[PDB]
Every structure is written in structure tokens, then in C-alpha cells.
Amino acid sequence: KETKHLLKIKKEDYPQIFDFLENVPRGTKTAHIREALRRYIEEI
Amino acid sequence: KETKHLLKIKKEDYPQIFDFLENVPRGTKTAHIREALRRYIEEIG
Amino acid sequence: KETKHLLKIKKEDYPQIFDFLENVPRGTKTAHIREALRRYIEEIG
Amino acid sequence: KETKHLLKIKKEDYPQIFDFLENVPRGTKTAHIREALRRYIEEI
DNA sequence: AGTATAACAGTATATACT
DNA sequence: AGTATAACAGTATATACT
């Protein structure tokens with residue numbers, strides 16, 4: 001299976017996370033989100 | 001502004017992540033990921 | 001069906017609860033309370 | 001100050017929590033929610 | 001696979017009766 | 001104070017280009 005999910009982050013609501021996603025080299029985005037999750041999980 | 005990005009996590013390749021998103025309380029997916037990144041980010045630079 | 005109930009927690013009477021709800025991630029209030037009760041409930045009967 | 005919040009629980013989505021709120025004697029509802037929170041908090 | 005874009009409960013408030 | 005009721009991002013999907 002697969003879990004699809006559309007995430008939206010907002011300019012004024014969360015700037016830094018916004019800037020982050022917007023400058024990550026295209027082709028690595030999912031990789032990160034995935035990583036950020038990988039840790040966020042153990043780190044729980 | 002808004003960044004839209006749809007991600008797909010495949011059951012097989014990364015079970016734990018899949019399993020996670022798939023079983024988080026209703027209406028927490030965006031919150032969680034949003035949290036995960038927040039922490040990830042500064043953890044880096 | 002649906003149960004609607006609006007609660008009000010006063011800063012003074014129960015600071016900690018107030019402070020909590022007031023600083024939980026966006027779109028998690030219903031989830032959290034929903035969680036709190038879930039646990040509360042069976043903890044009882 | 002005060003924090004107001006309208007919570008809605010659904011029949012088919014979460015039955016037990018639904019039944020609970022629906023049978024608690026009227027005048028004690030907030031008291032509980034508040035209690036459930038009181039613990040949910042320390043218990044964190 | 002990663003990415004770019006394109007229709008149906010929480011959140012916030014308010015009035016009013018016990 | 002507790003309670004009863006009354007308008008504006010997440011969630012889910014899909015198509016399509018690299």
C-alpha cells in the first residue's frame with residue numbers, strides 16, 4: 001500500500017518550516033519530510 | 001503563501017513511517033508532520 | 001449524532017488547563033480533549 | 001481570561017466517548033471534561 | 001518516485017435559558 | 001457557571017510532467 005498526503009504550510013503561520021521546504025533542492029523534499037519523521041518517531 | 005507537497009510513503013520501503021501516518025488521531029496528520037519538521041529543521045542548522 | 005458542548009476554562013480557577021488549551025498546536029484542541037476523555041473514561045468504569 | 005471551546009463528538013466516529021457525555025448528569029459535564037484534562041495533563 | 005496543481009470537522013463567537 | 005444551539009485548514013483524490 002501507500003499513504004498519500006497533501007501538506008500545506010503557510011507563509012505567515014510557520015515561516016521557517018515554510019522557508020525550509022521552499023529551499024530544499026527539488027528531488028530531496030520527500031526524503032527530508034521522511035527523515036524528519038523517522039526521528040520524530042523514535043524520539044517518541 | 002503556501003507550500004503544497006503531497007508525499008507518498010510506501011508500506012514496504014518504510015513500514016514504520018507508513019504505519020504511523022496511517023494511525024494517528026483524526027486531523028493530526030498535518031500537525032504531526034508539521035511538528036516533525038519543526039524539530040528536524042533546527043536539529044540541523 | 002453529535003454532542004456539542006462548549007466549555008469555558010477560566011484562567012484564574014484552573015490555570016494549568018487554561019494555559020494548556022491555549023497553547024496546543026493548531027487544530028489539535030478537539031483531538032486532545034477527545035484523547036483526554038477517552039483515557040479518563042475507561043480509567044473510571 | 002477564559003478559553004471557550006465548542007467540542008463535537010460523533011455518533012459513529014467515537015461511540016463510547018459519545019455515550020459518556022450523553023449520560024453524565026447535566027451540571028457535571030464541564031467538571032469531567034475538566035477532570036479528564038487535569039489528569040491527561042500530568043499524565044504527560 | 002518525486003513533484004506541481006487541481007471538493008467536503010475544527011475553529012471561533014454569540015445569544016439565552018437553568 | 002453550566003448548558004443548548006446557532007460562518008470561514010485538514011482531509012482525500014486525481015492527473016501529469018521530470
# chains A, B, ... in the order shown; residues from 1 in each chain; ligands from 1

$ residues_around --residues "residue 3 (chain F)" --least-positions-apart "4" --cutoff "12 Å" --atoms "only C-alpha atoms (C1' of nucleotides)" --output "list in words"
residues 3, 4, 5, 6, 7 and 8 of chain C; 6, 25, 26, 27, 28, 29 and 30 of chain D; 16, 17 and 18 of chain E

$ write_last_selection --atoms "N, CA, C and O atoms (P, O5', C5', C4', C3', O3' and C1' of nucleotides)" --output "CSV table (one decimal), in the first residue's frame"
chain,number,residue,atom,x,y,z
C,3,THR,N,-22.6,15.4,19.8
C,3,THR,CA,-22.8,16.1,21.1
C,3,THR,C,-22.0,17.3,20.9
C,3,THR,O,-20.9,17.3,20.5
C,4,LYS,N,-22.7,18.5,21.2
C,4,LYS,CA,-22.0,19.7,21.1
C,4,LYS,C,-22.0,20.2,22.6
C,4,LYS,O,-23.0,20.0,23.3
C,5,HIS,N,-20.9,20.7,23.0
C,5,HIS,CA,-20.8,21.2,24.4
C,5,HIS,C,-19.7,22.3,24.3
C,5,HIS,O,-18.6,22.0,23.9
C,6,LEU,N,-20.0,23.5,24.8
C,6,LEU,CA,-18.9,24.4,24.7
C,6,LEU,C,-18.4,24.6,26.1
C,6,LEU,O,-19.2,24.8,27.0
C,7,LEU,N,-17.1,24.5,26.3
C,7,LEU,CA,-16.6,24.6,27.7
C,7,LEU,C,-15.9,25.9,27.8
C,7,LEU,O,-15.4,26.4,26.8
C,8,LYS,N,-15.8,26.4,29.0
C,8,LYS,CA,-15.1,27.6,29.3
C,8,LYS,C,-14.2,27.3,30.5
C,8,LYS,O,-14.7,26.7,31.5
D,6,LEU,N,-16.0,24.8,21.6
D,6,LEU,CA,-17.1,24.0,21.3
D,6,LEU,C,-16.6,22.7,20.8
D,6,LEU,O,-16.0,22.6,19.8
D,25,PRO,N,-24.7,13.3,34.3
D,25,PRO,CA,-25.8,14.1,34.8
D,25,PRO,C,-25.5,15.6,34.5
D,25,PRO,O,-24.4,16.1,34.8
D,26,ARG,N,-26.5,16.2,33.9
D,26,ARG,CA,-26.3,17.6,33.5
D,26,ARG,C,-26.1,18.5,34.6
D,26,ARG,O,-26.9,18.7,35.5
D,27,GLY,N,-24.9,19.1,34.6
D,27,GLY,CA,-24.4,20.0,35.6
D,27,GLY,C,-23.0,19.6,36.0
D,27,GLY,O,-22.4,20.3,36.8
D,28,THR,N,-22.6,18.4,35.5
D,28,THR,CA,-21.3,17.8,35.8
D,28,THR,C,-20.4,17.6,34.6
D,28,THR,O,-19.2,17.3,34.7
D,29,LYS,N,-21.0,17.9,33.4
D,29,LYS,CA,-20.2,17.7,32.2
D,29,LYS,C,-18.9,18.4,32.2
D,29,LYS,O,-17.8,17.8,32.1
D,30,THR,N,-18.9,19.7,32.2
D,30,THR,CA,-17.7,20.5,32.3
D,30,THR,C,-16.7,20.0,33.3
D,30,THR,O,-15.5,19.8,33.1
E,16,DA,P,-30.9,36.7,22.8
E,16,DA,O5',-31.1,35.4,23.8
E,16,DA,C5',-31.6,34.2,23.3
E,16,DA,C4',-31.6,33.2,24.3
E,16,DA,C3',-32.2,33.7,25.7
E,16,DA,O3',-33.0,32.7,26.2
E,16,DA,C1',-30.1,32.7,26.0
E,17,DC,P,-34.4,33.2,27.0
E,17,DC,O5',-34.8,31.9,27.7
E,17,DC,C5',-34.7,30.6,27.1
E,17,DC,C4',-34.1,29.6,28.0
E,17,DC,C3',-34.6,29.7,29.4
E,17,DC,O3',-35.0,28.5,29.9
E,17,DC,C1',-32.2,29.6,29.3
E,18,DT,P,-35.8,28.4,31.3
E,18,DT,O5',-35.1,27.3,32.1
E,18,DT,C5',-33.7,27.3,32.1
E,18,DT,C4',-33.1,26.1,32.9
E,18,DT,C3',-33.6,26.1,34.3
E,18,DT,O3',-33.6,24.8,35.0
E,18,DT,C1',-31.3,26.9,34.1

$ interface_residues --of "chain D" --to "chain C" --cutoff "9 Å" --atoms "only C-alpha atoms" --output "PyMOL selection string"
chain D and resi 1-12+16-18+20-22+29-30+32-41

$ interface_residues --of "chain B" --to "chain C" --cutoff "8 Å" --atoms "only C-alpha atoms" --output "NGL selection string"
:B and (25-28 or 31)

$ select_by_dssp --residues "chain C" --states "strand (DSSP E)" --output "mmCIF file with N, CA, C and O atoms, in the first residue's frame"
data_model
loop_
_atom_site.group_PDB
_atom_site.id
_atom_site.type_symbol
_atom_site.label_atom_id
_atom_site.label_comp_id
_atom_site.auth_asym_id
_atom_site.auth_seq_id
_atom_site.Cartn_x
_atom_site.Cartn_y
_atom_site.Cartn_z
ATOM 1 N N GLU C 2 -24.326 13.742 17.275
ATOM 2 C CA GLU C 2 -23.224 14.585 17.676
ATOM 3 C C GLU C 2 -23.573 15.213 18.988
ATOM 4 O O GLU C 2 -24.738 15.536 19.245
ATOM 5 N N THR C 3 -22.573 15.381 19.833
ATOM 6 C CA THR C 3 -22.832 16.052 21.072
ATOM 7 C C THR C 3 -22.026 17.328 20.925
ATOM 8 O O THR C 3 -20.861 17.299 20.506
ATOM 9 N N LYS C 4 -22.664 18.459 21.198
ATOM 10 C CA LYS C 4 -21.976 19.734 21.117
ATOM 11 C C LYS C 4 -21.989 20.190 22.564
ATOM 12 O O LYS C 4 -22.982 19.999 23.265
ATOM 13 N N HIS C 5 -20.879 20.749 23.023
ATOM 14 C CA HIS C 5 -20.760 21.243 24.382
ATOM 15 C C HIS C 5 -19.669 22.282 24.329
ATOM 16 O O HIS C 5 -18.559 22.014 23.851
ATOM 17 N N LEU C 6 -19.961 23.494 24.753
ATOM 18 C CA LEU C 6 -18.868 24.445 24.718
ATOM 19 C C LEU C 6 -18.413 24.589 26.138
ATOM 20 O O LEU C 6 -19.237 24.758 27.045
ATOM 21 N N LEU C 7 -17.111 24.473 26.346
ATOM 22 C CA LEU C 7 -16.637 24.629 27.689
ATOM 23 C C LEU C 7 -15.873 25.897 27.804
ATOM 24 O O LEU C 7 -15.386 26.446 26.820
ATOM 25 N N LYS C 8 -15.759 26.357 29.031
ATOM 26 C CA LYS C 8 -15.057 27.573 29.277
ATOM 27 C C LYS C 8 -14.179 27.256 30.459
ATOM 28 O O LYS C 8 -14.663 26.732 31.472
ATOM 29 N N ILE C 9 -12.885 27.513 30.331
ATOM 30 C CA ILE C 9 -11.999 27.276 31.466
ATOM 31 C C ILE C 9 -11.485 28.653 31.815
ATOM 32 O O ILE C 9 -11.027 29.397 30.925
ATOM 33 N N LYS C 10 -11.604 29.009 33.089
ATOM 34 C CA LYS C 10 -11.157 30.316 33.486
ATOM 35 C C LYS C 10 -9.733 30.342 33.976
ATOM 36 O O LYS C 10 -9.345 29.591 34.874
#

$ select_by_dssp --residues "region 4-36 of chain A" --states "helix (DSSP H, G or I)" --output "JSON, numbers by chain"
{"A": [15, 16, 17, 18, 19, 20, 21, 22, 23, 29, 30, 31, 32, 33, 34, 35, 36]}

$ atom_distance --atom1 "CA of residue 24 (chain B)" --atom2 "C1' of residue 4 (chain E)"
26.7 Å

$ interface_residues --of "chain F" --to "chain A" --cutoff "9 Å" --atoms "only C-alpha atoms (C1' of nucleotides)" --output "VMD selection string"
chain F and resid 9 to 12

$ write_last_selection --atoms "N, CA, C and O atoms (P, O5', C5', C4', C3', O3' and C1' of nucleotides)" --output "PDB file, in the first residue's frame"
ATOM      1  P    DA F   9      -7.121  28.159   5.093  1.00  0.00           P
ATOM      2  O5'  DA F   9      -6.226  27.249   6.019  1.00  0.00           O
ATOM      3  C5'  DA F   9      -6.263  27.416   7.418  1.00  0.00           C
ATOM      4  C4'  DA F   9      -6.417  26.072   8.085  1.00  0.00           C
ATOM      5  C3'  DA F   9      -5.327  25.050   7.798  1.00  0.00           C
ATOM      6  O3'  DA F   9      -5.168  24.347   9.017  1.00  0.00           O
ATOM      7  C1'  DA F   9      -7.404  24.216   7.027  1.00  0.00           C
ATOM      8  P    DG F  10      -4.049  23.220   9.170  1.00  0.00           P
ATOM      9  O5'  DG F  10      -4.932  21.933   9.388  1.00  0.00           O
ATOM     10  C5'  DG F  10      -4.653  20.780   8.670  1.00  0.00           C
ATOM     11  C4'  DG F  10      -5.720  19.753   8.921  1.00  0.00           C
ATOM     12  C3'  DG F  10      -5.242  18.427   8.359  1.00  0.00           C
ATOM     13  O3'  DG F  10      -5.536  17.351   9.217  1.00  0.00           O
ATOM     14  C1'  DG F  10      -7.144  19.173   7.117  1.00  0.00           C
ATOM     15  P    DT F  11      -5.175  15.899   8.717  1.00  0.00           P
ATOM     16  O5'  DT F  11      -6.259  15.705   7.586  1.00  0.00           O
ATOM     17  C5'  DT F  11      -7.622  15.639   7.930  1.00  0.00           C
ATOM     18  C4'  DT F  11      -8.396  14.995   6.813  1.00  0.00           C
ATOM     19  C3'  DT F  11      -7.602  13.917   6.075  1.00  0.00           C
ATOM     20  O3'  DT F  11      -8.181  12.634   6.177  1.00  0.00           O
ATOM     21  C1'  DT F  11      -8.554  15.532   4.534  1.00  0.00           C
ATOM     22  P    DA F  12      -7.498  11.402   5.410  1.00  0.00           P
ATOM     23  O5'  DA F  12      -8.045  11.625   3.936  1.00  0.00           O
ATOM     24  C5'  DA F  12      -9.445  11.698   3.708  1.00  0.00           C
ATOM     25  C4'  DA F  12      -9.755  11.596   2.240  1.00  0.00           C
ATOM     26  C3'  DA F  12      -8.910  10.612   1.436  1.00  0.00           C
ATOM     27  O3'  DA F  12      -9.774   9.785   0.654  1.00  0.00           O
ATOM     28  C1'  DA F  12      -8.888  12.762   0.403  1.00  0.00           C
TER      29       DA F  12
END

$ atom_distance --atom1 "CA of residue 19 (chain D)" --atom2 "CA of residue 44 (chain C)"
14.2 Å
